[PDB]
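Shown next are two forms of a single protein chain, provided one at a time as structure tokens under the names structure 1 and structure 2.
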Structure 1
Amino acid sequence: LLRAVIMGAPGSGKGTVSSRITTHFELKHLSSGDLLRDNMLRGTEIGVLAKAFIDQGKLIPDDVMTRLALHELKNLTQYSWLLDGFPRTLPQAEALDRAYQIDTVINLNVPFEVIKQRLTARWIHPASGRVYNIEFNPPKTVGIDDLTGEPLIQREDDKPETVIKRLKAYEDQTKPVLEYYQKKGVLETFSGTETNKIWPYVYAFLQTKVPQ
């Protein structure tokens, strides 16, 4: 049975790649964010704790997150796994190593400038809610709405300052995790600037590793 982790920065295409892996291979997709959000929805104590941290822009503490992830995994050992979002930090990776033999770690290596561009592409016309993406459907005139000529704005989560801070936090957290897995010889890296250029190689890689 496959014991796999997938890693990638926000905007790297991890959601898409993970969804495609789950569609094509006989395994369970175990997303930490989905596990947290399901607990939040069900109003469990770990859910209320999760919200308390998430709402303040904080990571779930390592000890709490690891206890929750391992508890989920305990009752999933009959299946192949793709862990997605855990481990997020070196202490989480080390704790996971003490619990299960992890055979494969996939990292999506998309250049910083490409991810930053993807994450800052969205502009909105506030009154109508019309969305423009300067990569995919830019406005006919820079900075203004096609129908009104009124200015476009960027939501706080899409501004370059916010995005740069998010990416730097991600890099600080995961650089040590990637080093850990690389030293262990289980890190497989897929580099590219478009998800559809990367996906075929991930798909081919997994052929010998887990049933279709």
Structure 2
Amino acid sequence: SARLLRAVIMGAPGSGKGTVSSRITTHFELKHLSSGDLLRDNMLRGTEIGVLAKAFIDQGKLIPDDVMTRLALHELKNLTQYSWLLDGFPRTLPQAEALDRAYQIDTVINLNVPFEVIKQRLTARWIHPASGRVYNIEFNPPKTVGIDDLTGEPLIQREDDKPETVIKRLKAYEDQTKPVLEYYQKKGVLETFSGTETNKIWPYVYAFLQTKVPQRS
């Protein structure tokens, strides 16, 4: 690939962005950058950013743009040499306009999944905090319940996956992030995939990406 790919994946919370991203990075030559993993890492490390982020995350509110754009642009500049997949940034118009001043996004993958469906999924979500690996009791279950397959350490549930917080996160997405979908639609780069199951969507995402980025061994 002479030109490195710059891809974004977007969708309402629980639509499967991180799940699809793990499949993409498994099959395609690109690096996955997750804002949420990055924020949850900053909370473990106790950074300035990590401390102030906790209050927003735990209430289902978007972290201020100034903080998030600086964090994301800084991380991206470490990845000039790779094709990358941005997962969870941008979430607002200022975040999307800033990203554009730095990079030319090739393609924005939009997962359109029912709110009722997604609401139920986040109820059953479990994660391994150190690695960020994601599990569900129905769809991607561990071999033992509540225990990561490898470290054997407790898998946990995000504090933001409580039903009251899920409602708040969905409304924030509707109010602040959907305008970003329209921004990328008018720029000619939005590719939307609708479904209720990741496994019914993945074939189309897979075929679509074959047309944009090399495959991985």
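Sequence positions of structure 1, starting at 1, serve as the residue numbers. Definition used throughout: the rigid core is the maximal C-alpha set that superposes within 1.5 Å between two forms.
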(request) Select from 28, 184, 155, 67 the only position whose Cα moves 2 Å or more between structure 1 and structure 2 when the core is aligned. (result) 155
(request) Please check if residue 120 moves between structure 1 and structure 2, taking a CA shift of 2 Å or more relative to the superposed core as movement. (result) yes
(request) For residue 77, decide whether the Cα shift between structure 1 and structure 2 is 2 Å or greater, given a superposition on the rigid core. (result) no
(message) Aligned on the rigid core, do the two forms place the Cα of residue 135 2 Å or more apart, comparing between structure 1 and structure 2?
(response) yes
(message) residue 145: how large is its C-alpha shift between structure 1 and structure 2, with the rigid core as the superposition reference, in Å?
(response) 25.7
(request) Report, in Å with one decimal, the C-alpha displacement of residue 57 between structure 1 and structure 2 after core superposition. (result) 3.9
